[PDB]
Number of protein chains: 2
Amino acid sequence: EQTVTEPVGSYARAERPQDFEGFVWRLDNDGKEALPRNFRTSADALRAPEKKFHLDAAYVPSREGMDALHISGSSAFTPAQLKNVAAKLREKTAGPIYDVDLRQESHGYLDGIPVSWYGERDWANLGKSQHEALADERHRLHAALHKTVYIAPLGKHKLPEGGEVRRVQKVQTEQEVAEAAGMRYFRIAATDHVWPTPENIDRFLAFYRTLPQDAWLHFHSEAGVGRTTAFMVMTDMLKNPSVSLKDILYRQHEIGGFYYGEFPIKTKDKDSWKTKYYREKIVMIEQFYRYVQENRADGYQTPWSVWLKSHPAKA
Amino acid sequence: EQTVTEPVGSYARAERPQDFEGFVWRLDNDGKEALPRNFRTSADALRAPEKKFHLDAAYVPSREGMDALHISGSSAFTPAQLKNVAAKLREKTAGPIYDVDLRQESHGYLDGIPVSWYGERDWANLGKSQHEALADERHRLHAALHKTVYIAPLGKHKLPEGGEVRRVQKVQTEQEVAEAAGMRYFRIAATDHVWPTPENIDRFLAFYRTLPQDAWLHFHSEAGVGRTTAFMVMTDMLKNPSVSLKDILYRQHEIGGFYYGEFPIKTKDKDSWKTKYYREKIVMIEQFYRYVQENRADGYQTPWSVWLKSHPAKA
Ligand SMILES: O=P(O)(O)O[C@H]1[C@H](O)[C@@H](OP(=O)(O)O)[C@H](OP(=O)(O)O)[C@@H](OP(=O)(O)O)[C@H]1O
Ligand SMILES: O=P(O)(O)O[C@H]1[C@H](O)[C@@H](OP(=O)(O)O)[C@H](OP(=O)(O)O)[C@@H](OP(=O)(O)O)[C@H]1O
Ligand SMILES: [Cl-]
């Protein structure tokens with residue numbers, strides 16, 4: 001027919017939340033290193049591209065605007081690691097430093113240990129509104145206080161392996177941990193592995209509009225790869241609209257992020273469900289760039305969700 | 001001074017239940033074999049003793065009373081394995097066959113899979129009365145229905161390793177499963193690793209008293225070793241009081257059970273806590289033998305718990 005059930009950029013809406021409910025408190029960071037994993041800032045030197053993306057290692061992207069961009073990204077962290085990050089970022093700016101938490105999955109800290117309520121594909125909060133996801137999170141964190149919990153790292157086949165059991169004496173939300181490290185906090189509940197929703201992006205752009213000139217944004221997700229890079233890319237496009245799409249994509253990849261341009265996708269058989277979500281992200285990244293280019297001149301009078309509905313992306 | 005806080009036979013009462021709360025649905029049997037592990041009956045041939053017990057391999061225990069004993073023991077089982085056990089036992093008797101469940105830990109069947117709510121040392125119900133342990137079990141099993149659960153086998157260090165996640169469509173208690181296999185059901189909530197309590201034994205003795213002559217008792221615990229052998233030994237002593245302690249202990253061991261007499265206890269560093277519980281069971285097995293010998297003449301008018309308080313065991 002002519003009516004589409006889920007438009008491009010919303011494929012995840014077709015999945016059934018009940019088939020991915022949370023079943024374990026996953027260890028988000030073992031706390032052994034001084035900093036979170038995949039830590040990088042926009043002032044960093046560009047490195048050779050990762051071979052899996054089949055890029056031109058000889059291409060030198062423009063760094064126009066990177067010194068003033070003021071953003072960084074990383075994986076999840078322990079409280080001590082976030083204090084190290086905050087201290088490092090303070091050496092680069094006198095503006096407010098934001099911990100921009102991009103995780104939809106319920107997470108927090110049990111006795112200072114960074115944990116998340118993990119469901120298959122990390123989709124324990126799939127389908128929930130940001131309100132419902134945050135309510136789940138608060139309820140779960142609180143329920144763990146003075147209770148025995150099993151906290152484990154995921155091993156072979158994304159299933160618990162080893163870990164530890166403890167009776168919890170202290171519970172904190174990431175907001176509390178960010179404030180204790182001297183950072184401002186802003187939450188965007190984005191689903192792991194997929195393109196952020198129009199709701200997620202409209203929320204980010206509204207937040208972006210409120211920032212003072214010297215604000216520094218430290219984005220993070222679980223690994224500091226998929227969601228973190230998507231938002232770092234969006235920020236680079238918004239702040240440096242005259243830079244080419246290719247340069248934005250190459251430079252965000254070359255300072256240590258994911259590469260959001262076209263590349264030959266290949267997954268292990270067990271990860272084949274990811275293929276179309278990668279393809280969806282490549283197309284949406286181009287569509288967001290188009291949104292920025294067509295709406296920056298009038299100051300974004302119309303939001304991303306609205307413009308995308310009248311300018312749908314195509315596979 | 002004079003007053004003793006915990007008498008011999010009750011050491012476990014000094015442990016703190018809050019430090020061993022349940023944290024995972026442990027897989028009790030993977031269902032691969034036709035029968036549960038350590039399956040054996042009193043009609044079986046005696047085999048050579050296990051080396052670790054340092055026994056006399058040349059010794060020939062008396063079998064006096066074994067053919068009429070009518071008892072068996074095994075590990076936990078899937079419903080299909082229990083049906084196989086019941087069919088096997090029916091070839092040996094025309095009397096009622098009892099599934100004597102000796103597990104204090106909460107356990108049952110989720111989608112037919114035998115599971116238990118596991119806490120450190122398998123002590124998730126330590127300290128609870130049987131009434132409280134069964135209420136915990138009934139609430140946990142029921143709460144699992146239509147919910148997502150993580151079921152895993154324990155691997156390295158008694159922590160989950162691998163396993164599976166499933167949204168449960170069927171929940172059953174072992175009572176339901178035993179009845180489906182054509183067995184009567186009798187529960188004694190005995191704590192894993194330790195000597196059965198005076199309450200556990202008083203309950204068993206009262207049940208034993210009213211059994212029809214041709215009743216067949218199939219005992220089981222998790223592995224079919226510690227608790228299963230303790231009750232098989234007690235039944236053998238009760239039913240065959242003229243048989244020597246040495247013969248009872250050797251023969252229950254030689255048909256496939258644990259050896260409940262003195263031996264060179266040698267544990268790994270991580271299992272050193274077990275040492276005193278072994279020593280306690282050796283002493284209590286002797287004390288129970290004394291009880292049977294001294295109370296059989298009047299038909300056991302004095303319960304085990306009462307008699308033990310007036311004749312305490314000595315370390
Ligand atoms: O949290 P963000 O920073 O968004 O990054 C995600 C998480 O690290 C994912 O692991 P998890 O779901 O266990 O938290 C990982 O999936 P895998 O571990 O399956 O590789 C993703 O890579 P890909 O899904 O491969 O693209 C990566 O993009
Ligand atoms: O269930 P019953 O038949 O009473 O047997 C018990 C359980 O199998 C215990 O394992 P679990 O705690 O995992 O249920 C096992 O401890 P280990 O598995 O640590 O060896 C005991 O041996 P010992 O504790 O070694 O005596 C054994 O006697
Ligand atoms: Cl009781």
Side-chain angles (χ1 to χ4, degrees), chain A residues 20 26 28 36-38 52 73-76 102-105 107 116 118-124 153-154 157-158 190-194 196 219-232 257-258 265 267-268 270-271 273-275 277-278 281, chain B residues 20 26 28 36-38 52 73-76 102-105 107 116 118-124 127-134 153-154 157-158 188-194 196-200 202-203 219-232 257-258 265-268 270-271 273-275 277-278 281 305:
Chain A
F20 309 90
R26 171 193 194 182
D28 292 330
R37 181 159 63 88
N38 293 314
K52 64 203 284 202
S74 77
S75 68
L102 307 165
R103 310 173 68 185
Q104 180 184 57
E105 61 276 17
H107 61 289
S116 53
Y118 184 86
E120 291 189 1
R121 294 185 192 180
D122 195 16
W123 282 358
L154 299 179
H157 294 73
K158 291 289 185 191
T191 300
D192 196 350
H193 311 291
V194 308
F219 295 96
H220 83 89
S221 38
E222 172 71 322
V225 180
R227 289 163 288 180
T228 289
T229 309
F231 283 90
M232 287 181 79
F258 189 71
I265 301 158
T267 68
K268 303 180 179 64
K270 66 178 179 173
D271 289 327
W273 65 267
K274 297 180 190 183
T275 303
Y277 290 111
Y278 282 124
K281 290 195 278 185
Chain B
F20 307 91
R26 170 197 198 178
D28 293 332
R37 173 172 48 127
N38 295 314
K52 63 168 163 189
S74 85
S75 70
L102 306 161
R103 308 178 68 194
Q104 180 180 244
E105 57 278 17
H107 59 284
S116 53
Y118 183 85
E120 185 177 302
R121 297 191 187 173
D122 195 18
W123 284 359
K128 293 188 178 79
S129 60
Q130 181 155 324
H131 173 64
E132 297 165 324
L134 270 280
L154 304 179
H157 312 315
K158 290 294 195 190
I188 295 161
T191 305
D192 195 352
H193 309 296
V194 309
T197 62
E199 297 75 17
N200 285 162
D202 280 357
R203 176 173 173 80
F219 293 101
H220 82 89
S221 31
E222 177 69 325
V225 180
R227 289 169 288 183
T228 293
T229 309
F231 281 91
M232 285 177 84
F258 189 75
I265 302 169
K266 296 173 181 170
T267 65
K268 300 192 197 68
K270 58 156 172 56
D271 290 327
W273 63 266
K274 291 185 189 179
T275 306
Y277 292 114
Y278 287 122
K281 291 191 286 186
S305 57

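As the structure lists them, so they are numbered: ligands from 1, and atoms in each ligand from 1. Reminder, nothing fancy here: chain letters follow the sequence lines and each chain counts from 1. Note that these values count all heavy atoms, side chains included, but never hydrogens, waters or copies made by symmetry.
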Can you tell whether the side chains of A:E222 and A:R227 come within less than 4.0 Å, N to carboxylate O? no
Can you find a heavy atom in the side chain of B:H107 that is under 4.5 Å from one in the side chain of B:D28? yes
Of the side chain and backbone of B:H220, name the one, both, or neither that has a heavy atom under 4.0 Å from an atom of ligand 2. neither
If you measure every N or O of [X] against every N or O of ligand 2, does any of those distances drop under 3.5 Å?
{"X": "B:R121", "result": "no"}
{"X": "B:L154", "result": "no"}
{"X": "B:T228", "result": "no"}

For [atom], which of the options [options] provides the nearest non-hydrogen atom?
{"atom": "atom 2 (P) of ligand 2", "options": "B:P196, B:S221, B:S116", "answer": "B:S221"}
{"atom": "atom 9 (C) of ligand 2", "options": "B:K281, B:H193, B:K274, B:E120", "answer": "B:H193"}
{"atom": "atom 5 (O) of ligand 2", "options": "B:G226, B:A76, B:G257", "answer": "B:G226"}
{"atom": "atom 14 (O) of ligand 2", "options": "B:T191, B:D28, B:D192", "answer": "B:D192"}
{"atom": "atom 1 (O) of ligand 2", "options": "B:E222, B:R103, B:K270", "answer": "B:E222"}

Going by the atom numbers of ligand 2, which of them fall below 4.0 Å from some non-hydrogen atom of B:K158? 10 (O), 11 (P), 13 (O), 17 (P), 18 (O), 19 (O)
Please state whether A:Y278 comes within less than 4.0 angstrom of ligand 1, counting heavy atoms only.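 Yes, A:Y278 has heavy atoms under 4.0 Å from ligand 1.
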Measuring from the heavy atoms of A:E105, does anything fall under 4.0 Å of ligand 1? no
For atom 22 (O) of ligand 1, state whether the nearest protein heavy atom is under 4.0 Å away.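 Protein heavy atoms within 4.0 Å of atom 22 (O) of ligand 1 - there are none.
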Under 4.0 angstrom from atom 16 (O) of ligand 2, is there any protein heavy atom? yes
Just which atoms of ligand 1 are under 4.0 Å from any heavy atom in A:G224?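 In order of number, 3 (O).
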Under 4.0 Å from a heavy atom of A:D122: give me the atoms of ligand 1 that qualify, with their elements.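 By the 4.0 Å cutoff, the relevant atoms are 12 (O), 14 (O).
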Does B:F258 have a heavy atom less than 4.0 Å from any atom of ligand 2? no
